[PDB]
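Undergrad: What follows is a structure written as structure tokens; I'll ask about it next.
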Amino acid sequence: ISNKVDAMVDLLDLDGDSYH
Amino acid sequence: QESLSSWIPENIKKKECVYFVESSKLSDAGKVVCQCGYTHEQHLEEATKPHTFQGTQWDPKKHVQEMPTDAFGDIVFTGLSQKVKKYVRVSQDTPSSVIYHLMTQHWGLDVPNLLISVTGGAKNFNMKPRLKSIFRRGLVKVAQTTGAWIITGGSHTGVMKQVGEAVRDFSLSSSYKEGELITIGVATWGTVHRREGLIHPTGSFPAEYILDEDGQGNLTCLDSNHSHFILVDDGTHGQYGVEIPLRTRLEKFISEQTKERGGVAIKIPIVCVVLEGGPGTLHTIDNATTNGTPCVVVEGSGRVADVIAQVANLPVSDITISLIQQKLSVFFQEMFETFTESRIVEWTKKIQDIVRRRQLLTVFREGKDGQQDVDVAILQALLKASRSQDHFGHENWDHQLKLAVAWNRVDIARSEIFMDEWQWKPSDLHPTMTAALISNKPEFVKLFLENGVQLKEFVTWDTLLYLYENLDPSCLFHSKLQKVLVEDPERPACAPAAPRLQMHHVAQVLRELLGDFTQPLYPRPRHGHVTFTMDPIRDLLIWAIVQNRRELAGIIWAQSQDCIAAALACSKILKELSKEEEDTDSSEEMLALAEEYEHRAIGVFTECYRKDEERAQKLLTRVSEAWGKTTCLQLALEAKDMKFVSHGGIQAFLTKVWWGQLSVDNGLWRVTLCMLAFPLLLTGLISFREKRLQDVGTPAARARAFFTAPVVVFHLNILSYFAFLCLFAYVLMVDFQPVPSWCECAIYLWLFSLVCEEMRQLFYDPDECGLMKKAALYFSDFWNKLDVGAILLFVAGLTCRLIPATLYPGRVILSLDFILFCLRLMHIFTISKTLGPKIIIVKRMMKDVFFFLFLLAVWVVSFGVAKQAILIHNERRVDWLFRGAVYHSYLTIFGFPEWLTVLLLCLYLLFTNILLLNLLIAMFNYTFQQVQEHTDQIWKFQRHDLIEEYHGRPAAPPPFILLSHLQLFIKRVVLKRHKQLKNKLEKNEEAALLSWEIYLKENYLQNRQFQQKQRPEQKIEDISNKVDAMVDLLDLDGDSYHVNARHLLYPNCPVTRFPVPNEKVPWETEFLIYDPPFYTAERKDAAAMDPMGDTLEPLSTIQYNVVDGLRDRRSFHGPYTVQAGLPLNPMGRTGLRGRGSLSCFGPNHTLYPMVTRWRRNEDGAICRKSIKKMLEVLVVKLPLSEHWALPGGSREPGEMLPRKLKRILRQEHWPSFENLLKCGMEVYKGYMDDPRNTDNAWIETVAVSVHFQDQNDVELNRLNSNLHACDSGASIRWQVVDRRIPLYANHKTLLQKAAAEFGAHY
Amino acid sequence: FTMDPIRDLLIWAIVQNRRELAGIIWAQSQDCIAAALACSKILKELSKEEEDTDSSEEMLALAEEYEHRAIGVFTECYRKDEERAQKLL
Ligand SMILES: Nc1ncnc2c1ncn2[C@@H]1O[C@H](COP(=O)(O)OP(=O)(O)OC[C@H]2O[C@@H](O)[C@H](O)[C@@H]2O)[C@@H](O)[C@H]1O
Ligand SMILES: Nc1ncnc2c1ncn2[C@@H]1O[C@H](COP(=O)(O)OP(=O)(O)OC[C@H]2O[C@@H](O)[C@H](O)[C@@H]2O)[C@@H](O)[C@H]1O
């Protein structure tokens, strides 16, 4: 269950100039 | 058996190359090979003759011939196994009816229930371990339950070896289980290593084949685990692939043509499955999927599996030939460079034509989080395919669900099979209920119950007999039933040896398990529609409880009749069984289930007692007609239901019946006070309940009821016993005298009356049990055993007193008699509040008091004979030495000689004064502490039987029990328990009582499951389900061508055509590798049809897109282009140059008429679909078409082209009248897709539709009477119209196009 | 190559009290019933002479777990077929 809710909180946290 | 060996050379053929057509490419050491080179310098098993024409490139149709087969028979592998295996060499073309008749009759294989055909890579196959795990459990587990037929290629290499090993070890590990997972292998006869030993011209009923994995060049050898073998021959030698069309053709005929049980047909379901493959695999899948068998592919497996699984959900037009070789060369990275462009276009065409038909395919997806089973995939691959294959099929609805039982998939069967569109009656679930029960599946029987099956209608008599015929043979009850049924002696005459199983047999073992007191449950017949017993549910509960099926019996008890007797009966049966279990795990669960049922009975009883006391009092004494005419309380006493009897209300009932007629509350001393005085009871000094006696004083009846109470009888009996023993002691003491005094005869007759009462205790039982069992039970009584021991000692002492010379011994013998009476006074303090437990304690402690007494005895006699031997000389004094030695030993045991005296006395204080007392300390601390708790319940349990006795005992004292004794003896000479313990109640009263308790049962159950929900593990499970639903919710946040034309396998003409993808179809796109064979039919050079099948000559001069006389060689769509004097398909490329079996080039014009009418109900109104209505068409079925199709003809004649379809079908003269009536409505005209299309000779149609609106008498009457149908055809009939109805798919396009003109359904 | 490598590998794992390792590699044993017995006997003969207040306890408990493993496999194979499993001892 702790792994489930950690995956859940990870998923809810988921929501140049060119010279020489 | 010789019918087979005669039958095979009659029936089956085998191929033979007859002529030497010597191959240009000489084989590897087979340089003498005539393009097959089987067994000669030539390809010949006869004279390689000129045969009047040495035809170069000898045609396999023309060279190779059929011959009768002799190579059949049986086989065994040399030392690798011990069993025998059947095998047949078979022709290339064989009717599958022949092979099915062979495998059924002359091999003895019954019809299956499932056909798994597994295919994979043979010589070059590699697999990860995870893939290996599914073969060991997933394939074997789904094969072994349903009784499948694993059919595969017969080879020792690759995947077929994996199936062969994984089915073998199951048969060894089954431990002599019945049945074997039957396996049939099919391989080509050409590529067999040592087949020259197999050909025996006579019937090779024994044979020996030794496999050798050395000499495998081109060929390969057989596997040794397959149980039947089929060897298709082709006449060729090294070819790979002559087994695929025969296997595919055979699988369909087995699946859908053999089972027709109550109806039209019912198809045995069938699944092809793949693991990893190559060019043999794609041809197998492509040939299979055209025949309607679904195919599941497995992800993460191998080469071909991954490249099919990647292109699963893609649109059909999105396949590029670049993308094919791109995805190909990465997975085929070993042999990626070995690919040519023709192989790429062939594989692109095959993958295209496979992923077109999205119904008939499924991916396993390799979900890999549970990696559940193949079963969850195979079930959905059944269900999607079954709906698409047919919509009117009912076999799948009932045949499929049963299969869904056996793999425990309730979510699937609820969601998919029980959505809608079945219209089942509930009793139709009866057989698929039964197998859900025998296979011990609680979830499906719960779902059938929630769907509406009635148990009370379900359990017939024969159903119950069949239920007991299939017990789990691992259990103890099956072994006991077999030990009875084998020892059943009264079955002399039958066809077999093992006679039958009758219900009185299981009744007989149940009576011996349950106890003697009940009657037999099932009667033996002394010899319809449905034989129904008194109650089905009791016997169902018995069947569930003997096999330790926990959650099942927990379910079905909720529908009981009288649950209180039921849970008692099951707890008693479980306790009587679990002692004899002899297994270290079955006994424990068997005990715990009985304890749970005790709890159930207690919980329902404390409810119904709390509802109403005095009514629930009647419940215990009630005889149950169900359980063999007994009441519950004696059954509970039999079961030692220790927690149950200890309830307060039942003990209050016992106290109420114990205190007799009067009120209960009088204490003990006031009872003795009114016992002492006669006329006090007539006064106002005592209590009475039943206030009619308390108010209205009838002192005769009041004293009668007072003496009727068993407390009074107990007290007068113990008082008479006390006076008897005191007078016996006084007369024994001083009145001993040789002549008989009056007092000795007085105590003798007192004892005589006492033993007549004790004999009456032996001779009462109206429950006609074993009289041997009755005497054993009374002899099992401890106090009765002491009583009869005292009787035997008394009658010994009386005849010793009779001898006048033995007066001193006999008298003191009677002295021991007095001791044997006073121990009976220990019988009192059972009725005490507290002391009875201590009586139980000393009754426990006597058991090791005895075997400690033995060891102390042998120790003290050893010390005594030592003490006798040490301090005396040897003398023969018999009465002088032994008596003084015994006196010295008793003086020891009642608790220069200095060194020896100190040694003797220190040994005496050493071993005697220390050790054995400590042994008793340990032993009696153990036998105390093992029982020092539950004994109060044991006393409460033991309270009953004395009350039982004294209610049974008459009220007279033993000085006056003879008045009752004579009356009872003359009553039983000239000609029954009390009603207060057992009574047949009134039936209507009993029905009210049963309805009352059965109402209270559900009130118990709700709060029971409610509090059972409040255990914390349940809330943990609920929270995990909540968060899994949460993570699921947060995870939630083509080009239309002539595809029936490009399809391979030109009908009725064994040729091929070129692989054409979706890119290179039209004439605009250039296809540089396009080289179709200039293919003509055999009848392409023939009668009135155009002879331009060989139009390379200048004979091709007929009119193009114009009417060349009667041949209207002009398209309805538009002008076709001409190249090299031949027309091209305006639709695109097909892959075959030429005319084919068509009449002429360009379009071949034909008319397809259709008849339509409405489908009426029983009333005559239009039957209704969900929105639209029902339509009927009249279709034909030819005897060698195996298909329904439209009666449409070629438009080579003008108006009789429907008669060219239907001169023989419709009529002769009335046909021209209906042709005059055939002026109807046109739906579609033009080019039609068809498998008989080359690039030159395609099909154009006109489609007319005529209709019947009225379904009475009008135009239809002319269609009825005119009919002259039975000419040269098999069948014609009207038919319902739906999207799943059988037909040619080309004609199904016409119906789906013309159904819009009338608004029918789809 | 010896008669069996896996027995000696199990010996190496079990003398150093490597718990989860030997728990893994026992799954590929040859005849596990003799094996778990041998390891429990070796653990009991070692843990008495351990002279450490923590190594002896875990050394004993692992042997008890291996006793349980041997019991659990034996009660399976006896329940499959009695008289054949009689020959095993
Ligand atoms: N019937 C056969 N038996 C043994 N080996 C074979 C066979 N057919 C082909 N092979 C060898 O297998 C090699 C290629 O094997 P794959 O491509 O992995 O397998 P594939 O050729 O796709 O064969 C599929 C095979 O499954 C069977 O159901 C069917 O008989 C078909 O031959 C080739 O070199 C070929 O010599
Ligand atoms: N559109 C189509 N869809 C499916 N099959 C077709 C189609 N057109 C032709 N066929 C099949 O091609 C085969 C050869 O075509 P014809 O013989 O020209 O068709 P037809 O004359 O309508 O059928 C003659 C019938 O007489 C029997 O001897 C024979 O079994 C065949 O069913 C037939 O078996 C027919 O089933």
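Undergrad: Within the stretch B:1005-1017, is there a residue that is of a type outside the set (D, E, K, R), within 14 Å of chain A (Cβ to nearest Cβ) and either part of a helix (DSSP H, G or I) or over 30 Å from residue A:4 (Cα atoms) (or both)?
TA: Yes, because at least one residue in the stretch B:1005-1017 is of a type outside the set (D, E, K, R), within 14 Å of chain A (Cβ to nearest Cβ) and either part of a helix (DSSP H, G or I) or over 30 Å from residue A:4 (Cα atoms) (or both).
Undergrad: I've got another one for you. Which of the residues that make up the stretch B:471-526 are more than 19 Å from residue B:538 (Cα to Cα) and of a type in the set (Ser, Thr, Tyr)?
TA: Once the filter is applied, which keeps residues that are more than 19 Å from residue B:538 (Cα to Cα) and of a type in the set (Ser, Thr, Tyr), the stretch B:471-526 yields B:474, B:479.
Undergrad: Now, a different point. Mind counting the residues in the stretch B:739-775 that are more than 19 Å from residue B:959 (Cβ to Cβ) and loosely packed, with under 11 Cβ neighbours inside 10 Å?
TA: Residues flagged as more than 19 Å from residue B:959 (Cβ to Cβ) and loosely packed, with under 11 Cβ neighbours inside 10 Å within the stretch B:739-775 amount to 4.
Undergrad: Within the stretch B:1277-1302, can you find the residues that are within 14 Å of ligand 2 (Cβ to nearest atom) and over 17 Å from residue B:1251 (Cβ atoms)?
TA: B:1286, B:1287, B:1288, B:1289, B:1290, B:1291, B:1292, B:1293
Undergrad: Which members of the stretch B:223-244 meet the condition of being over 29 Å from residue B:170 (Cα atoms) and either aromatic (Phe, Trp, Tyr) or within 16 Å of ligand 2 (Cβ to nearest atom) (or both)?
TA: B:240
Undergrad: Moving on. What number goes with the only condition from (1) in contact with a helix residue (DSSP H, G or I) (Cβ under 9 Å, 6 or more places away or on another chain); (2) more than 14 Å from chain B (Cβ to nearest Cβ) that residue C:1 does not pass?
TA: Only one criterion is unmet by residue C:1, namely (1).
Undergrad: Report yes if residue B:201 is over 42 Å from the mean Cα position of the chain (by Cα), in a loop (DSSP other than H, G, I, E, B) and under 23 Å from residue B:106 (Cβ atoms), otherwise no. Give the steps one after another, and end with the answer.
TA: Details: over 42 Å from the mean Cα position of the chain (by Cα): yes; in a loop (DSSP other than H, G, I, E, B): yes; under 23 Å from residue B:106 (Cβ atoms): yes.
Spelling it out, residue B:201 is indeed over 42 Å from the mean Cα position of the chain (by Cα), in a loop (DSSP other than H, G, I, E, B) and under 23 Å from residue B:106 (Cβ atoms).
Undergrad: From B:807, B:825, B:802, grab the single residue that is touching a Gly at 6+ places or on another chain (Cβ under 9 Å), closer than 27 Å to residue B:734 by Cα and not polar (S, T, N, Q).
TA: Exactly one of B:807, B:825, B:802 is touching a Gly at 6+ places or on another chain (Cβ under 9 Å), closer than 27 Å to residue B:734 by Cα and not polar (S, T, N, Q), namely B:802.
Undergrad: Continuing with this model, one more query. Which is farther than 25 Å from residue B:1284 by Cα and within 16 Å of ligand 2 (Cβ to nearest atom), of B:1201, B:1220, B:1184?
TA: Just one listed residue meets the conditions, B:1201.
Undergrad: Within the bounds of the stretch B:1019-1034, is there any residue that is small (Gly, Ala, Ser) and more than 14 Å from chain A (Cβ to nearest Cβ)?
TA: Taking every residue of the stretch B:1019-1034 in turn, none turns out to be small (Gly, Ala, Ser) and more than 14 Å from chain A (Cβ to nearest Cβ).
Undergrad: Another question, if that's okay. Quick check: anything in the stretch B:1097-1104 acidic (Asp, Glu), surrounded by fewer than 13 Cβ atoms within 10 Å (Cβ to Cβ) and more than 16 Å from ligand 2 (Cβ to nearest atom)?
TA: yes
Undergrad: Looking at the stretch B:158-207, which of the residues that are among the charged types (D, E, K, R) and within 16 Å of ligand 1 (Cβ to nearest atom) is surrounded by the most Cβ atoms within 10 Å (Cβ to Cβ)?
TA: Kept after step one, since they are among the charged types (D, E, K, R), are these residues of the stretch B:158-207: B:161, B:165, B:168-169, B:177-178, B:180, B:194-196.
In the following step, the residues that additionally are within 16 Å of ligand 1 (Cβ to nearest atom) were identified as B:161, B:194-195.
Working: B:161: 16, B:194: 14, B:195: 18.
Among those residues, the one meeting the criterion is B:195.
Undergrad: Let me ask something additional. Mind checking whether some residue in the stretch C:64-85 is more than 30 Å from residue B:473 (Cβ to Cβ), of a type outside the set (D, E, K, R) and either surrounded by 16 or more Cβ atoms within 10 Å (Cβ to Cβ) or within 14 Å of chain B (Cβ to nearest Cβ) (or both)?
TA: There is at least one residue in the stretch C:64-85 that is more than 30 Å from residue B:473 (Cβ to Cβ), of a type outside the set (D, E, K, R) and either surrounded by 16 or more Cβ atoms within 10 Å (Cβ to Cβ) or within 14 Å of chain B (Cβ to nearest Cβ) (or both).
Undergrad: Take residue B:149 and tell me if it is under 26 Å from the mean Cα position of the chain (by Cα) and more than 14 Å from chain C (Cβ to nearest Cβ).
TA: yes
Here is a yes/no grid of residues against (1) among the aliphatic types (A, V, I, L, M); (2) within 14 Å of chain C (Cβ to nearest Cβ):
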{"residue": "B:564", "(1), (2)": "yes, no"}
{"residue": "B:579", "(1), (2)": "no, no"}
{"residue": "B:587", "(1), (2)": "no, yes"}
{"residue": "B:600", "(1), (2)": "no, no"}
{"residue": "B:604", "(1), (2)": "yes, no"}
{"residue": "B:638", "(1), (2)": "no, no"}
{"residue": "B:641", "(1), (2)": "no, no"}
{"residue": "B:644", "(1), (2)": "no, no"}
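Undergrad: Inside the stretch B:262-293, can you point out the residues that are within 12 Å of ligand 1 (Cβ to nearest atom) and small (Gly, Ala, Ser)?
TA: Across the stretch B:262-293, the qualifying residues are B:277, B:278, B:280, B:288.
Undergrad: Within the stretch B:1104-1185, which strands (runs of 3 or more DSSP E) (wholly inside it) include 1 or more residues that are more than 16 Å from ligand 1 (Cβ to nearest atom), closer than 23 Å to residue B:1197 by Cα and among the polar types (S, T, N, Q)?
TA: B:1146-1158
Undergrad: Same structure, new question: Residues that are more than 56 Å from the chain's Cα centre (by Cα): which helices (runs of 4 or more DSSP H) entirely in the stretch B:907-978 hold 1 or more of them?
TA: Filter on the stretch B:907-978 gives B:915-929, B:962-974.
Undergrad: Failed condition for residue B:1217, given (1) in a helix (DSSP H, G or I); (2) surrounded by 14 or more Cβ atoms within 10 Å (Cβ to Cβ), with all others met?
TA: The one condition residue B:1217 does not meet is (2).
Undergrad: Does residue B:175 count as of a type in the set (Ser, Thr, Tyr), at negative phi and more than 16 Å from ligand 2 (Cβ to nearest atom)?
TA: Here the answer is no, as residue B:175 does not meet what is asked.
Cβ sites come from the backbone with ideal geometry, for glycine too, and all protein chains shown count toward neighbours. No value in this document is a laboratory result; all are computed from the given coordinates.
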